[PDB]
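Below is one structure, written out as structure tokens; comments come after it.
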Amino acid sequence: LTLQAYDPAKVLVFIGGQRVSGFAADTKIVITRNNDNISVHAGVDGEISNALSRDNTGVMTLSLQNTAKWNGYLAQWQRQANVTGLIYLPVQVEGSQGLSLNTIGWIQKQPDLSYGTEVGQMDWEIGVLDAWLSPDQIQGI
Amino acid sequence: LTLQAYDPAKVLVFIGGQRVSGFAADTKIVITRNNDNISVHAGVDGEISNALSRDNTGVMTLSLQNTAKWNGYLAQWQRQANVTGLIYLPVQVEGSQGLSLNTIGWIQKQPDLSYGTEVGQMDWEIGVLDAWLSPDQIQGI
Amino acid sequence: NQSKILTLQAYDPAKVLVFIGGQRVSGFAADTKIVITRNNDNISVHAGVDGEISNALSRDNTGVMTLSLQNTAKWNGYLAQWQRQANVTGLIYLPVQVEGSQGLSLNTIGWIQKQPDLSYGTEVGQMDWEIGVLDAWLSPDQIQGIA
Amino acid sequence: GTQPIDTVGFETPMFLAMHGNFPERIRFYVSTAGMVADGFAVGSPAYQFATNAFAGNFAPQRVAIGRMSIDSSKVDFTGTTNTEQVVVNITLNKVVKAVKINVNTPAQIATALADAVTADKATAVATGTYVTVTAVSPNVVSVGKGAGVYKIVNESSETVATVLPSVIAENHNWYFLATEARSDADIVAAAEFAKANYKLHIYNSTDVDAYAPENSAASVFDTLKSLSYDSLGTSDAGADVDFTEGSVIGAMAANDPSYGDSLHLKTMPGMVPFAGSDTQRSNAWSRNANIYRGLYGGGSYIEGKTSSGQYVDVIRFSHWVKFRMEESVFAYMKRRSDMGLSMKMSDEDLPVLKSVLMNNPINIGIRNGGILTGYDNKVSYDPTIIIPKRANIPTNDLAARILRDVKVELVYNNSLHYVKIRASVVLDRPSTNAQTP
Amino acid sequence: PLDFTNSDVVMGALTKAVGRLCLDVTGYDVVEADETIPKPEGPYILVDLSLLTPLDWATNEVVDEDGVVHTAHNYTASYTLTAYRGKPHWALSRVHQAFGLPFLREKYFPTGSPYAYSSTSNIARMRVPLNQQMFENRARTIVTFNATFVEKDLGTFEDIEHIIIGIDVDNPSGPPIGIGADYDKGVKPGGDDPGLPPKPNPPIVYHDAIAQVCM
Amino acid sequence: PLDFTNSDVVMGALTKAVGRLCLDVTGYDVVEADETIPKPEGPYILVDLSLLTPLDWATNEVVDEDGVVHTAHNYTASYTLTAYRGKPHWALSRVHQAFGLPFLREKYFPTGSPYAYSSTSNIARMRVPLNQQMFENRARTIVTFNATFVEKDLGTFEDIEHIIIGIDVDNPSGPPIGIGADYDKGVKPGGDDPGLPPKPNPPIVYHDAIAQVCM
């Protein structure tokens, strides 16, 4: 029994079937939801009633160095979909020790490209059609 | 008669019956209310009348290292409730020397998960259905 | 306070079932799924000069039901066919039913009263079909403990 | 060594009958049909009690019947008057019969009842005012009420003070207590056992000393009053032949004490309205012998007081709290131990009892209204829970692995019983300070 | 019987993991700071565990079968590498890139291992005079790793075998009613009572009618 | 008679608490900076109370029976630990993790104690030449604790036994009316007057009618 140490190199991202590579330093990804889980209606006298949220979309940011070969793929996929109308591709994430994710999603907005004296960065916004994190990889859950 | 020294290690959190563990450095928790206690209506000539607040919900933040085993439990509880409709679990807090709390509550929103070169952090938002602090543990009140 | 929780199970909007003609409706809009109204109030009051009061019971109980569907929904087709069907053949009525997950139900017959306004733009539109319901008494049957 | 009951037991009433229809010391039924199948004669004591219990508005789901060795029955006409076809129902070893005596005097009727000698095994012995029925070793006999004016009495070689320790050992999942024996010694023995085992004792009596003037009396009600027990007694005319304890239980078995509801005006089908006068009612109220007055064309219980003057509902509420806390603590402690995460004796674990106890037993009461809350004076009624720290636990208690001095406090929210008004009629109507006090 | 790998094991094995990867990539020879020896011949690398940082609050607790507690803490260990001859700056760089090669890492940093790589610092090239005749080429860098340390408690508290609770119900009809409640390890609240009969499952039989109504 | 534990007691007992936990976990030997002795044999740890920080404004005031005042102030004491041989960095780390083990803390840091643990600094490993022959392994860290200090006043002020108040009511009908008011320790304003009669509680009697109306 040896407990894991957080390995940043085993955080994987698979988009469309292949594995992404060429991240920028620091945060490789960020996952954020769009809406609150439950909506609470509070009465005059204090009665409380709850409603379940039925919109579970999220957003995932993806930091890539502007020299990465994966910029070309996303740029091609983005323009292709705008013409044909087919926008969805599988998205899967893993954690060395953390919460995974496995759904479908699409490229939401085009990042901002800037050129200077040093290799820059591009932050893509990948929409994910469901944003429930999973304890698959937690060692002991 | 020896007066207590603030012991950060004796601040306890019990959710659903078990004890939480695996906090991130600095602030373990934060408790905040949502509404003002009394609403004051001021007349033209200066007459003043008061109304008592009958909505006493609060919010409690919970900072956990992203390798904590307790992330899996909250992720499972969150998804379970979204299907069944049972969302409430007991919540209890203690203070080494401070104001306690003991009510029921639910997981409000999914935190933001980010992956980088070092073990990160997740801040859960636990709604609490009442937010009255108690002097139980104060030594002399 | 936790001693006044009005719903011990969260209200899930997906439990609200609607059946028209025996098929389950699907493809609803963003905010509101249905709205049920009456046309006439329940009783009429005839008050005399000196204060004599007498009341009458209404006998027109028809109501109107609005059904919000995304204009890309498939159910728009079924309703559109039904309109022409009834316009020519003269058979208008069709059973209607509603399930009050944690509220009031409804079970009667109805017909398509008007067709909505179809609009095309940069966003997926919406349609408000009017299903006039012959009798609109709400039913508390889903609620337990009604003595 | 009282073991704890659970929620189902809290509703199950037990009746200690005399019979031999099953070998076991106790059995549970969900309808009178099962008892009929077991060979109980229609109109028999246990059958009547079961019918009454199931006939209430708050009827329990299941009824438990105890066994006390039967010896011989009695069909007593002594002191009766009859001008109607007397009928007696008899079941013999799964064989069901009926008996008929026409019309005349009670002694003649009793003598003519000796005709119950055909198709029998069992024997019948007339004695001029009653017929003693005795079975034979392999035979089983059940004698039940019919259309006649008579009361069935049973005798046994055992005594309650020795039968009950066997029934409780056989099974303990029941709350209410009732018996067929009606002697003062049996009633007092039942009361003393019940008060020691945390069970509610019920009984109906027909003694006229309940009506007897308050100046003095020596009734069982008075003996229990002197001993200061909690047995719930009631005076009824038809108790000795109908066993109306079943009807009393049927009106309070199902409603949980979390509502703080009392027994003051609940209708009890099967009971017969009290007949005495107002002076007799005043007399009875002094002995705590509750009566079933018939008012405004209906029947209504009266005030449900116990032997020692206390109300029934407070006692029942306290017992309900006890059982619920026991069950909740056991459940949580068992779930904690199913995992390898057993509760230890340290200051990092002890507090959780606060939430564990707040959830199941107490919060339901506060919600439903049985527990009073708010502010008074300079005191508040909110329930409080106090738990010790590891430093305060004695070393002997540490060694024994036992936790003591966990304390709870509550306030009960009683109901209303009486109202008085001061109306006034006048032909017309009559200082102006107008200054804020 | 529920054993583990304490801090001493993880810490000592991390050095050797770094030592083998440096040897297997750069081709230089390796040496630690722990004990001093006459300077080797040819290019070589020096390894040192310069610094170690803790993270305040434990992330996991594992309870032994008997109740003992094992606590896990996150750490970060920094190693100072120095290359002394040849092209030292080239040597250190190849160590950096090695952590990006998948197959090479799997030999020494297998999935599930108690330590991992985090980042690297700037590589500085230096020239140092020797005996006032020659300038020697050198370099220096700091490599930061992640880790997780586990330690075992020194005992346990007693279990709760028996609980006694006192209850007082204040009421207006009389003095407060005192009553107690109790719990015991093996005593079920209901004993072993079978409970109410269950609703039976009807047996599987043939039906002639798809939907039959009978009054 | 209302005694307490002043600053001197708490401060001196905090050192020994740290001393015992270091000995009981790492297995090394312990020594303070207070008095100098020839260097012991084998690995050992050195304890020093490097720094002490006050918090400005008192958090509690306890009044003696006679009126004397005891004031309580929050503090933070920092201890510098140094381990001198063996694997010093390993030794210090096990001290850090000890504060996360529940049973071990309860021996020396019981609930209600006047000092507590706060945090820890980076652990730096060092090599120090000795006699120009050998490099000795060492380490260093700073552990920060919480504390609370209580001190007792040097006297009290007099009580207020008698109060005299002068009042002047200016009015237009004449010169201002002068009148005085007074207070005395044991003199009630109303003496011991019984006051108005209370509303009696009616005795408990039997009622025939659930609701009776009488004109």
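Derivation of every value follows stated rules applied to the coordinates shown; laboratory data play no part. Cβ atoms come from the backbone with ideal geometry, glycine included; neighbour counts cover every protein chain shown.
Rundown of residues vs (1) of a type in the set (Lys, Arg); (2) assigned to a loop (DSSP other than H, G, I, E, B), yes/no style:
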{"site": "D:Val99", "(1), (2)": "no, no"}
{"site": "D:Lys121", "(1), (2)": "yes, yes"}
{"site": "D:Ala124", "(1), (2)": "no, no"}
{"site": "D:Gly146", "(1), (2)": "no, yes"}
{"site": "D:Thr162", "(1), (2)": "no, no"}
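Output the residues belonging to the range E:55-73 that are more than 15 Å from A:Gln97 (Cβ to Cβ) and either more than 16 Å from the chain's Cα centre (by Cα) or more than 10 Å from chain B (Cβ to nearest Cβ) (or both).
E:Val63, E:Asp64, E:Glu65, E:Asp66, E:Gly67, E:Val68, E:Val69, E:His70
Which one is nearest to the other protein chains (Cβ to nearest Cβ) among residues in the range B:58-95 that are within 23 Å of B:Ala25 (Cβ to Cβ) and surrounded by fewer than 19 Cβ atoms within 10 Å (Cβ to Cβ)?
Among those that are within 23 Å of B:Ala25 (Cβ to Cβ) and surrounded by fewer than 19 Cβ atoms within 10 Å (Cβ to Cβ), it is B:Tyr73.
Hey, can you tell me all the residues within the range D:40-55 that are closer than 20 Å to E:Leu196 by Cα and part of a loop (DSSP other than H, G, I, E, B)?
Hit for the range D:40-55 is D:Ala55, nothing else.
Can you find a residue in the range D:338-356 that is more than 20 Å from the chain's Cα centre (by Cα) and more than 30 Å from B:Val11 (Cβ to Cβ)?
There is no residue in the range D:338-356 that is more than 20 Å from the chain's Cα centre (by Cα) and more than 30 Å from B:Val11 (Cβ to Cβ).
Can you go through A:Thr27, A:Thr57 and tell me which one is closer than 30 Å to E:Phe145 by Cβ and among the polar types (S, T, N, Q)?
Residue meeting the stated conditions: A:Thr27.
Scan the range C:121-147 for residues that are of a type in the set (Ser, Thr, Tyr) and either under 11 Å from the mean Cα position of the chain (by Cα) or not in a strand (DSSP E or B) (or both) and report the count.
Residues meeting the conditions: 1.
So which of F:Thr111, F:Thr80, F:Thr71, F:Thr76 ends up being at negative phi and assigned to a loop (DSSP other than H, G, I, E, B)?
Just one listed residue meets the conditions, F:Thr111.
Would you confirm, using the coordinates I've provided, whether D:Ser424 is part of a loop (DSSP other than H, G, I, E, B), more than 9 Å from chain E (Cβ to nearest Cβ) and surrounded by fewer than 10 Cβ atoms within 10 Å (Cβ to Cβ)?
So D:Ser424 passes the test.
Might you let me know whether the range A:100-120 holds any residue that is in contact with a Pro (Cβ under 9 Å, 6 or more places away or on another chain), within 14 Å of chain B (Cβ to nearest Cβ) and part of a loop (DSSP other than H, G, I, E, B)?
Scanning the range A:100-120, I find no residue that is in contact with a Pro (Cβ under 9 Å, 6 or more places away or on another chain), within 14 Å of chain B (Cβ to nearest Cβ) and part of a loop (DSSP other than H, G, I, E, B), so the answer is no.
Restrict the check to the range D:369-388 and report whether at least one residue is surrounded by fewer than 17 Cβ atoms within 10 Å (Cβ to Cβ) and assigned to a helix (DSSP H, G or I).
no
Is it the case that F:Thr53 is in a strand (DSSP E or B) and more than 30 Å from E:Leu49 (Cβ to Cβ)?
In short, yes.
Within the range C:16-38, identify whether any single residue is small (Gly, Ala, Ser), part of a helix (DSSP H, G or I) and more than 14 Å from chain B (Cβ to nearest Cβ), and answer yes or no.
Scanning the range C:16-38 turns up no residue that is small (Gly, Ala, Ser), part of a helix (DSSP H, G or I) and more than 14 Å from chain B (Cβ to nearest Cβ).
Taking the range D:401-421, which residues are facing another protein chain (nearest Cβ under 9 Å) and either loosely packed, with under 13 Cβ neighbours inside 10 Å or among the charged types (D, E, K, R) (or both)?
Hits for the range D:401-421 are D:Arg401, D:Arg404, D:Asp405, D:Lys407, D:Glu409, D:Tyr418, D:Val419, D:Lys420, D:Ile421.
Contact list please: Cβ distance under 6 Å, first residue in the range F:129-141 and closer than 18 Å to E:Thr53 by Cβ, second residue of a type in the set (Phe, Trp, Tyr) and outside any strand (DSSP E or B), pairs at least six apart or on different chains.
These pairs meet every condition: F:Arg138/F:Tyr84.
Residues to consider are D:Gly374, D:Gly369; find the one that is more than 10 Å from chain E (Cβ to nearest Cβ), in contact with a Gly (Cβ under 9 Å, 6 or more places away or on another chain) and on the phi > 0 side of the Ramachandran plot.
D:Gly369
Scan the range A:122-137 and tell me whether some residue there is surrounded by 17 or more Cβ atoms within 10 Å (Cβ to Cβ), in contact with a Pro (Cβ under 7 Å, 6 or more places away or on another chain) and away from chain B (no Cβ under 14 Å).
The answer is yes; a qualifying residue exists.
Filtering the range D:1-29 down to residues that are out of contact with any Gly (no Cβ under 8 Å at 6 or more places or on another chain), among the aromatic types (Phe, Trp, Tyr) and over 29 Å from D:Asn360 (Cα atoms), which residue is nearest to the other protein chains (Cβ to nearest Cβ)?
D:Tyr29
Residue check: is B:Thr117 among the hydroxyl-bearing types (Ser, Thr, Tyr), crowded, with 17+ Cβ neighbours inside 10 Å and under 25 Å from B:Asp36 (Cβ atoms)?
No; evaluated as a whole, the condition is false for this residue.
Give the residue that is nearest to the other protein chains (Cβ to nearest Cβ), with candidates limited to residues of the range B:46-57 that are of a type in the set (S, T, N, Q) and either in contact with a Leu (Cβ under 7 Å, 6 or more places away or on another chain) or farther than 21 Å from A:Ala51 by Cβ (or both).
Step by step, filter the range B:46-57, then rank; the result is B:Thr57.
I'm trying to understand the selection: among the residues of the range D:307-360, which are of a type in the set (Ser, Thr, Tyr) and either outside any loop (DSSP other than H, G, I, E, B) or buried (at least 22 other Cβ atoms within 10 Å of the Cβ) (or both)?
Matches in the range D:307-360: D:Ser307, D:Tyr311, D:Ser318, D:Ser328, D:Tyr332, D:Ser337, D:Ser355.
Six or more apart or on different chains, Cβ under 6 Å: which pairs go from a residue in the range E:92-108 that's among the charged types (D, E, K, R) to one that's assigned to a helix (DSSP H, G or I)? Could you list them?
Filtered contacts from the range E:92-108: E:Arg94/E:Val25; E:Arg94/E:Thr26.
Within the range D:286-306, take every residue that is of a type in the set (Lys, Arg) and under 18 Å from D:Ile202 (Cβ atoms) and give me the one that is surrounded by the most Cβ atoms within 10 Å (Cβ to Cβ).
By that ranking, first place goes to D:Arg287.
Among the listed residues F:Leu101, F:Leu51, which satisfies the condition of being of a type in the set (A, V, I, L, M), over 30 Å from E:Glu35 (Cα atoms) and within 14 Å of chain E (Cβ to nearest Cβ)?
Among F:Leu101, F:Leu51, only F:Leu101 is of a type in the set (A, V, I, L, M), over 30 Å from E:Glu35 (Cα atoms) and within 14 Å of chain E (Cβ to nearest Cβ).
Mind checking which residues of the range E:130-159 are over 28 Å from B:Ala68 (Cβ atoms) and either within 14 Å of chain D (Cβ to nearest Cβ) or assigned to a strand (DSSP E or B) (or both)?
E:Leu130, E:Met134, E:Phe135, E:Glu136, E:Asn137, E:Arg138, E:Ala139, E:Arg140, E:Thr141, E:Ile142, E:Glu158
Report the residue count in the range D:279-307 for those that are at the interface with chain F (Cβ under 10 Å from one of its Cβ atoms), of a type in the set (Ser, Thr, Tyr) and touching a strand residue (DSSP E or B) at 6+ places or on another chain (Cβ under 7 Å).
The total comes to 1.
Could you tell me which residue of the range E:83-98 is farthest from the other protein chains (Cβ to nearest Cβ), considering only residues that are assigned to a loop (DSSP other than H, G, I, E, B) and within 30 Å of F:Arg138 (Cβ to Cβ)?
Taking the candidates together, the pick is E:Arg85.
Considering only residues that are facing chain D (nearest Cβ under 7 Å), in a loop (DSSP other than H, G, I, E, B) and in contact with an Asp or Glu (Cβ under 8 Å, 6 or more places away or on another chain), which ones fall in the range E:160-177?
Answer for the range E:160-177, where residues must be facing chain D (nearest Cβ under 7 Å), in a loop (DSSP other than H, G, I, E, B) and in contact with an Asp or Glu (Cβ under 8 Å, 6 or more places away or on another chain): just E:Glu161.
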